[PDB]
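Structure data (compact mmCIF, C-alpha atoms and all ligand atoms) from protein_31.txt:
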# COMPACT_ATOMS: atom_id res chain seq x y z
CA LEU V 7 0.00 0.00 0.00
CA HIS V 8 1.02 3.62 -0.37
CA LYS V 9 0.33 6.88 1.42
CA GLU V 10 -1.06 9.82 -0.56
CA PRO V 11 -1.48 13.41 0.44
CA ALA V 12 -4.64 14.96 1.62
CA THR V 13 -5.64 18.04 3.60
CA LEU V 14 -8.17 18.33 6.42
CA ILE V 15 -11.38 20.03 5.56
CA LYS V 16 -13.34 19.06 8.67
CA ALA V 17 -13.30 16.46 11.39
CA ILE V 18 -16.76 14.92 11.49
CA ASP V 19 -16.86 12.22 14.09
CA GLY V 20 -14.76 9.41 15.55
CA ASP V 21 -14.32 7.56 12.27
CA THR V 22 -15.26 10.04 9.51
CA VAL V 23 -13.23 12.99 8.36
CA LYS V 24 -13.84 15.37 5.46
CA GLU V 25 -10.69 15.82 3.47
CA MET V 26 -9.50 17.25 0.18
CA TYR V 27 -8.06 14.44 -1.87
CA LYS V 28 -6.68 14.99 -5.34
CA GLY V 29 -8.22 18.41 -5.11
CA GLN V 30 -11.74 17.26 -4.44
CA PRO V 31 -13.61 17.27 -1.18
CA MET V 32 -14.75 13.95 0.20
CA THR V 33 -15.80 12.33 3.37
CA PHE V 34 -13.48 9.54 4.41
CA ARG V 35 -14.63 6.58 6.47
CA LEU V 36 -11.77 4.95 8.35
CA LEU V 37 -11.10 1.39 7.28
CA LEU V 38 -11.32 -1.47 9.86
CA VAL V 39 -12.80 0.31 12.88
CA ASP V 40 -16.03 1.42 14.45
CA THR V 41 -16.31 4.37 16.77
CA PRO V 42 -19.45 5.02 18.84
CA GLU V 43 -21.87 7.43 17.28
CA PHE V 50 -21.69 10.88 18.90
CA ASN V 51 -24.87 10.16 20.84
CA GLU V 52 -23.53 6.85 22.32
CA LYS V 53 -21.22 6.28 25.29
CA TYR V 54 -17.63 7.34 24.34
CA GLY V 55 -18.87 8.97 21.10
CA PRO V 56 -17.95 12.49 22.06
CA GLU V 57 -14.59 11.29 23.31
CA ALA V 58 -13.97 9.43 20.07
CA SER V 59 -14.92 12.49 17.99
CA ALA V 60 -12.71 14.63 20.17
CA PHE V 61 -9.76 12.34 19.87
CA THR V 62 -9.93 12.08 16.05
CA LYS V 63 -10.57 15.83 15.80
CA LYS V 64 -7.46 16.71 17.78
CA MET V 65 -5.32 14.20 16.05
CA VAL V 66 -6.21 15.42 12.51
CA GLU V 67 -6.37 19.13 13.33
CA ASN V 68 -2.99 19.11 15.12
CA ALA V 69 -1.24 17.24 12.34
CA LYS V 70 1.12 19.00 10.03
CA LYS V 71 0.61 16.29 7.46
CA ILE V 72 -2.52 14.20 6.76
CA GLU V 73 -2.27 11.19 4.42
CA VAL V 74 -4.65 8.59 3.11
CA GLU V 75 -3.89 5.01 2.29
CA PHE V 76 -6.33 2.98 0.34
CA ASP V 77 -6.21 -0.74 0.72
CA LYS V 78 -6.31 -3.32 -2.12
CA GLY V 79 -10.06 -3.46 -2.56
CA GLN V 80 -12.96 -1.03 -2.66
CA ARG V 81 -12.10 2.67 -2.37
CA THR V 82 -15.67 4.00 -1.82
CA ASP V 83 -18.60 2.65 0.18
CA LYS V 84 -22.19 2.53 -0.81
CA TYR V 85 -22.68 6.00 0.54
CA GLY V 86 -19.95 7.58 -1.57
CA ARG V 87 -17.53 7.86 1.39
CA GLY V 88 -13.90 7.11 0.63
CA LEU V 89 -12.55 4.06 2.42
CA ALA V 90 -9.00 4.45 3.61
CA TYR V 91 -6.56 4.32 6.47
CA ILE V 92 -5.79 7.87 7.58
CA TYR V 93 -2.43 9.00 9.03
CA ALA V 94 -1.66 12.09 11.04
CA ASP V 95 2.04 12.96 10.94
CA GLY V 96 2.70 9.28 10.14
CA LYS V 97 0.57 7.84 12.95
CA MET V 98 -2.49 5.83 11.85
CA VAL V 99 -5.66 7.24 13.18
CA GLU V 100 -7.22 3.80 13.52
CA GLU V 101 -4.38 2.53 15.59
CA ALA V 102 -4.45 5.45 17.95
CA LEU V 103 -8.21 5.21 18.50
CA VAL V 104 -8.14 1.42 18.97
CA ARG V 105 -5.16 1.52 21.29
CA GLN V 106 -7.09 3.97 23.51
CA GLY V 107 -10.23 1.92 23.64
CA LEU V 108 -12.15 4.49 21.64
CA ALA V 109 -12.84 2.27 18.61
CA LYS V 110 -13.35 -1.42 17.99
CA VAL V 111 -11.82 -3.36 15.10
CA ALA V 112 -14.82 -3.81 12.88
CA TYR V 113 -16.01 -4.00 9.25
CA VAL V 114 -13.25 -6.26 8.24
CA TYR V 115 -14.03 -7.18 4.70
CA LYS V 116 -11.94 -9.51 2.55
CA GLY V 117 -9.44 -7.70 0.40
CA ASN V 118 -9.58 -4.47 2.38
CA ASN V 119 -7.93 -5.83 5.47
CA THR V 120 -4.16 -5.23 5.25
CA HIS V 121 -3.74 -3.69 8.70
CA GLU V 122 -6.13 -5.97 10.52
CA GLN V 123 -3.63 -7.73 12.72
CA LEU V 124 -1.87 -4.44 13.74
CA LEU V 125 -5.22 -3.11 14.88
CA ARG V 126 -6.17 -6.33 16.62
CA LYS V 127 -2.91 -6.15 18.57
CA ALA V 128 -3.76 -2.65 19.68
CA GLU V 129 -7.31 -3.70 20.62
CA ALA V 130 -5.95 -6.57 22.69
CA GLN V 131 -3.76 -4.07 24.63
CA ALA V 132 -6.66 -1.64 25.17
CA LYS V 133 -8.81 -4.50 26.31
CA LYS V 134 -6.06 -5.72 28.72
CA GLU V 135 -5.90 -2.22 30.22
CA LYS V 136 -9.71 -2.09 30.31
CA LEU V 137 -9.57 1.35 28.58
CA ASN V 138 -12.69 3.38 27.81
CA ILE V 139 -15.06 1.12 25.73
CA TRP V 140 -13.43 -1.85 27.45
CA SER V 141 -14.10 -0.57 31.00
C1 LIG V 201 -16.01 0.73 7.28
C2 LIG V 201 -16.93 0.38 6.20
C3 LIG V 201 -18.29 0.62 6.34
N1 LIG V 201 -19.09 0.30 5.34
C4 LIG V 201 -20.54 0.48 5.40
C5 LIG V 201 -21.15 -0.75 6.11
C6 LIG V 201 -22.27 -0.15 6.94
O1 LIG V 201 -23.48 -0.27 6.17
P1 LIG V 201 -24.88 0.11 6.86
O2 LIG V 201 -24.98 1.67 6.92
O3 LIG V 201 -25.85 -0.38 5.90
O4 LIG V 201 -24.94 -0.42 8.28
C7 LIG V 201 -21.84 1.29 7.16
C8 LIG V 201 -21.31 1.53 8.58
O5 LIG V 201 -20.67 2.80 8.64
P2 LIG V 201 -20.84 3.67 9.92
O6 LIG V 201 -20.23 2.89 11.02
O7 LIG V 201 -20.12 4.90 9.48
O8 LIG V 201 -22.33 3.82 10.06
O9 LIG V 201 -20.83 1.58 6.27
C9 LIG V 201 -18.57 -0.34 4.18
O10 LIG V 201 -19.40 -0.67 3.28
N2 LIG V 201 -17.29 -0.62 4.03
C10 LIG V 201 -16.42 -0.31 5.00
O11 LIG V 201 -15.21 -0.59 4.91
CA CA V 202 -19.46 4.60 13.71
So that I can check it, write out the structure of this file as structure tokens.
Ligand SMILES: Cc1cn([C@H]2C[C@H](OP(=O)(O)O)[C@@H](COP(=O)(O)O)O2)c(=O)[nH]c1=O
Ligand SMILES: [Ca+2]
Amino acid sequence: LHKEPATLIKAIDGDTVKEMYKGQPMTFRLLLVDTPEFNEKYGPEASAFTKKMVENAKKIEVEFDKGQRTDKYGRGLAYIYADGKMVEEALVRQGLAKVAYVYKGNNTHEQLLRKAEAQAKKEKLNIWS
């Protein structure tokens, strides 16, 4: 896989971020995780965590996997990186997202994220508490 540039337009919630990619605006949905909706327990915390991470970053990148690049709603499906740190990993490691929506052929970083989830779960962090 390869990283490509993008720029923040707007943090939306824990696992969706509006970004300018190839010069066009689009809502990205993070591959391989599920954050709580804003109205659910840990939702505002998840939104807050993603917001800070993307807003504070000097450099945002997107990394499509080997399969589907858009979902049925027109959202882009990618891993997102903030100054080289994967957003998914950071969220999962903090117990603010679950590994989720693991579909065949768009699952390259599954085991990395599972490892992080196991460590969050061990520490009984946030969703795991
Ligand atoms: C993460 C992801 C979600 N989706 C779709 C499945 C879910 O369909 P349904 O809306 O029909 O439940 C929806 C969940 O996204 P949200 O968690 O953003 O709601 O997004 C994909 O199709 N591919 C993906 O990689
Ligand atoms: Ca969600």
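One distance worth recording is that between atom CA of residue 8 of chain V and atom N1 of ligand LIG 201 (chain V), which is 21.2 Å.
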Near residue 119 of chain V, counting all atoms listed in the file, which residues have an atom at most 10 Å away, once you skip same-chain residues fewer than 5 positions from it, shown as a PDB file with C-alpha atoms, in the frame of the given file?
ATOM      1  CA  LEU V  37     -11.100   1.390   7.280  1.00  0.00           C
ATOM      2  CA  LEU V  38     -11.320  -1.470   9.860  1.00  0.00           C
ATOM      3  CA  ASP V  77      -6.210  -0.740   0.720  1.00  0.00           C
ATOM      4  CA  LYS V  78      -6.310  -3.320  -2.120  1.00  0.00           C
ATOM      5  CA  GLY V  79     -10.060  -3.460  -2.560  1.00  0.00           C
ATOM      6  CA  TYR V 113     -16.010  -4.000   9.250  1.00  0.00           C
ATOM      7  CA  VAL V 114     -13.250  -6.260   8.240  1.00  0.00           C
TER       8      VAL V 114
END
Identify, on the basis of only C-alpha atoms, every residue whose closest approach to residue 66 of chain V does not exceed 9 Å; exclude the query and any residue fewer than 5 positions from it along the same chain; express the result as an MDAnalysis selection string. chainID V and resid 14 16:17 23 61 71:72 93:95 99
Need the neighbours of (-12.8, -1.0, 29.4): which residues are at most 12 Å away, counting all atoms listed in the file, as an MDAnalysis selection string? chainID V and resid 53:54 104:110 129:141
Could those selected residues go to a file with C-alpha atoms, as a tab-separated table (two decimals), in the coordinates of the input?
chain	number	residue	atom	x	y	z
V	53	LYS	CA	-21.22	6.28	25.29
V	54	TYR	CA	-17.63	7.34	24.34
V	104	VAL	CA	-8.14	1.42	18.97
V	105	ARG	CA	-5.16	1.52	21.29
V	106	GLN	CA	-7.09	3.97	23.51
V	107	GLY	CA	-10.23	1.92	23.64
V	108	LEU	CA	-12.15	4.49	21.64
V	109	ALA	CA	-12.84	2.27	18.61
V	110	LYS	CA	-13.35	-1.42	17.99
V	129	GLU	CA	-7.31	-3.70	20.62
V	130	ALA	CA	-5.95	-6.57	22.69
V	131	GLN	CA	-3.76	-4.07	24.63
V	132	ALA	CA	-6.66	-1.64	25.17
V	133	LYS	CA	-8.81	-4.50	26.31
V	134	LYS	CA	-6.06	-5.72	28.72
V	135	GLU	CA	-5.90	-2.22	30.22
V	136	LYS	CA	-9.71	-2.09	30.31
V	137	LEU	CA	-9.57	1.35	28.58
V	138	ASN	CA	-12.69	3.38	27.81
V	139	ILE	CA	-15.06	1.12	25.73
V	140	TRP	CA	-13.43	-1.85	27.45
V	141	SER	CA	-14.10	-0.57	31.00
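Of the residues under consideration (V:24, V:9, V:35, V:116), V:35 shows the shortest atom-to-atom contact distance to ligand CA 202 (chain V) when counting all atoms listed in the file.
Of the residues under consideration (V:62, V:118, V:33, V:68), V:118 shows the shortest atom-to-atom contact distance to residue 80 of chain V when counting only C-alpha atoms.
Put simply, atom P2 of ligand LIG 201 (chain V) is 12.5 Å away from atom CA of residue 55 of chain V.
Proximity ranking of V:125, V:18, V:69, V:12 relative to ligand CA 202 (chain V) places V:18 first, based on all atoms listed in the file.
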Nearest to ligand CA 202 (chain V), chosen from V:13, V:30, V:41, V:22, with all atoms listed in the file counted in the distances: V:41
Selection within 6 Å of ligand CA 202 (chain V) by only C-alpha atoms and all ligand atoms, output as a count of residues only: 4
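Atom CA of residue 32 of chain V to atom CA of residue 100 of chain V spans 18.4 Å [interatomic distance, one decimal].
With all atoms listed in the file as the atoms that count, the minimum distance from residue 85 of chain V to the choices V:34, V:111, V:128, V:52 is reached by V:34.
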Of the candidates V:39, V:58, V:98, V:65, which shows the shortest atom-to-atom distance to ligand LIG 201 (chain V), using only C-alpha atoms and all ligand atoms? V:39
Centre and edges of the segment 83-90 of chain V box, axis-aligned, 5 Å extra per side, as lines of an AutoDock Vina configuration file:
center_x = -15.8
center_y = 5.2
center_z = 1.0
size_x = 23.7
size_y = 15.3
size_z = 15.2
